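First up is the structure itself, then whatever we jot down about it.
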Amino acid sequence: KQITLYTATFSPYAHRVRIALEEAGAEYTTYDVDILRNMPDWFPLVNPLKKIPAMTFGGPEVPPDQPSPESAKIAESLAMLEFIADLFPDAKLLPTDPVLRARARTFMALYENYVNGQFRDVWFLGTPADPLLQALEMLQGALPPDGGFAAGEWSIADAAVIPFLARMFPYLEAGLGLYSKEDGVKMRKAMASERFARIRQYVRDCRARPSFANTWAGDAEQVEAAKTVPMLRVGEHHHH
Amino acid sequence: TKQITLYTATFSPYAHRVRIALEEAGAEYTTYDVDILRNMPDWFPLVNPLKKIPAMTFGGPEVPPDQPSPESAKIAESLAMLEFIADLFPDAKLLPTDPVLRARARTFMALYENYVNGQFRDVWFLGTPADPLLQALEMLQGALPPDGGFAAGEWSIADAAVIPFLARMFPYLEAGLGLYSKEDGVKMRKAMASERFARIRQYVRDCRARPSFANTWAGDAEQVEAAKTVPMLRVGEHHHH
Ligand SMILES: N[C@@H](CCC(=O)N[C@@H](CS)C(=O)NCC(=O)O)C(=O)O
Ligand SMILES: N[C@@H](CCC(=O)N[C@@H](CS)C(=O)NCC(=O)O)C(=O)O
Ligand SMILES: [Ca+2]
Ligand SMILES: [Os+3]
Ligand SMILES: [Os+3]
């Protein structure tokens, strides 16, 4: 059954699913959608929520811009990650041990419930960075301190999280986001300090896998794509 | 055979999720109440460093819940616990086996967590406008199978994730609990009784009728009283827009 992923280069949520599809060894199509500036009028047929990513599964082979009513329509990136693990059990995208699987699910929930909203506050509103650094230290603490991925072996938990952490460093270097230069310097200094050595190792380890290289446009190219995001307000910063 | 201990509180819809799943699994388990919002025990960070309910311990030697063992696995986050219980009890069929039906369950949980839950929190605790909550609830209702049944068809952990919040909404509205305005209270009570929301009313009745709900619910009046102990539900305060 065919897999089509509707994607966009700037989107960390879409990036999650591309990484998982690479790790699964899946056959799949990607189709870019200019969702924030010029959504195609047919896109609500694949996702009535009008969000990227969207996925179609099965149905007749059709061009991505002529989606079939017969394909299954799957929404929400984390549901897609679990779906890919279910479709490709031999790829071991989750552990088999229940406790190790729970480490993976807990890590995803920690990111979604405590970290992502802090990234949104800082990058979209320019609120103070300390709560974000606090949340990142908490997430770092859930990693195995001596090395490895969130659940030991690589799992969909790492697909869920690396798109956001990998964007953080080059976005900061570009000063992209509503935070002030002062908070930018503070974040860059903190993320380079020994306080965050472990999460730097995590980002390197995830980025070294082919699933990341094959789904990443390059730091400079990803920064340029992010500048097209309306809510990142390129050129704008809030102060105090 | 490994022991399960769930640290719980009657008001908490997040802990309620996990009690429902444990009932559906037929698991042997212990519950232990924790006064997390008014008087957290000094030992509680040993079972959850995030200092949130629910918390779960798994395995380790059998010990009293207020003397937790370092040897037990410490599991945090209610939705992680739901998937864990499905993993521990595969014969209970707490998820479908078909991948697309399983994705329906996972998508339903994500729709609730990402678009509905924050609206419930903001309307009840901050008194933000009710219309965005009603729109999110209409969207969630549209994900249900139209002719009846549960989120993924057969009952699954997706329904354990969602019913604690929907089941509290109706009696909380009737008891006037929450910081939203009188006007928005009237609007929500009318909407939730209107034909627009017939499908989600059937869904709530269907989930509540299962023994897993009856055996984990203190009764409407009792749950309302437990909710009044929540410090953020400041009696006599309302926000207006
Ligand atoms: N919870 C969703 C988030 C998806 C999301 O927010 N995608 C953004 C792009 S990064 C989008 O399409 N926004 C359009 C909109 O929200 O209207 C998921 O995990 O897939
Ligand atoms: N995302 C958590 C939410 C848990 C949560 O917020 N629990 C509340 C009780 S309903 C709590 O323990 N609050 C204490 C605190 O935030 O300090 C989960 O799904 O388990
Ligand atoms: Ca529908
Ligand atoms: Os975005
Ligand atoms: Os709470």
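Values below: every heavy atom of this structure, side chains too, minus hydrogens, waters and symmetry copies. Reminder, nothing fancy here: chain letters follow the sequence lines and each chain counts from 1.
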Open item on the list: Quick check: do B/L111 and A/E76 have side-chain heavy atoms less than 4.5 Å from each other?
Closed with: yes
Task: Crowding at CZ, A/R233 (>12 non-hydrogen neighbours, <6.0 Å) - done: no
Task: CD/A/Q201: more than 12 non-hydrogen atoms of other groups inside 6.0 Å - done: yes
TODO: Find the one option among A/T106, A/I74, A/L87, A/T96 whose heavy-atom pairs under 4.5 Å with chain B are most numerous.
DONE: A/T106
Task: Working for side-chain contact (heavy atoms from CB on, under 4.5 Å), residues B/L95 and A/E82 - done: CA-CA 12 Å; B/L95 282 163; A/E82 295 279 357; over 6 Å; no
TODO: Name the region of A/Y114, side chain, backbone, both or neither, that has any atom closer than 4.5 Å to a heavy atom of chain B.
DONE: side chain
- [ ] Would you indicate whether the side-chain heavy atoms of B/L50 and A/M138 approach each other to under 4.5 Å?
- [x] yes
Open item on the list: Please check if the number of heavy atoms outside A/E153 that lie under 6.0 Å from its CD is greater than 12.
Closed with: no
Task: A/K51 side chain near B/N114 side chain, heavy-atom distance below 4.5 Å - done: no
Open item on the list: Can you tell me if A/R195 has over 12 outside heavy atoms packed within less than 6.0 Å of its CZ?
Closed with: yes
TODO: Can you see which heavy atom on A/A79 is nearest to which on B/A103, and at what distance?
DONE: CB-O, 4.3 Å
TODO: Measure distances from A/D97 to the heavy atoms of chain B and classify the residue's part below 4.5 Å as side chain, backbone, both or neither.
DONE: neither
Open item on the list: Could you tell me if the side chain of B/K2 sits less than 4.5 Å from the side chain of A/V99, heavy atoms only?
Closed with: no
Open item on the list: Taking every non-hydrogen pair under 4.5 Å, which of B/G59, B/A73, B/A76, B/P49 racks up the most with chain A?
Closed with: B/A76
Open item on the list: If you compare all heavy atoms of B/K74 against all heavy atoms of A/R103, which two are closest, and at what distance to 0.1 Å?
Closed with: O-NH2, 3.8 Å
Open item on the list: Using 0.5 Å steps for rounding, measure from the CG atom of A/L100 to the CG atom of B/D87.
Closed with: 11.0 Å
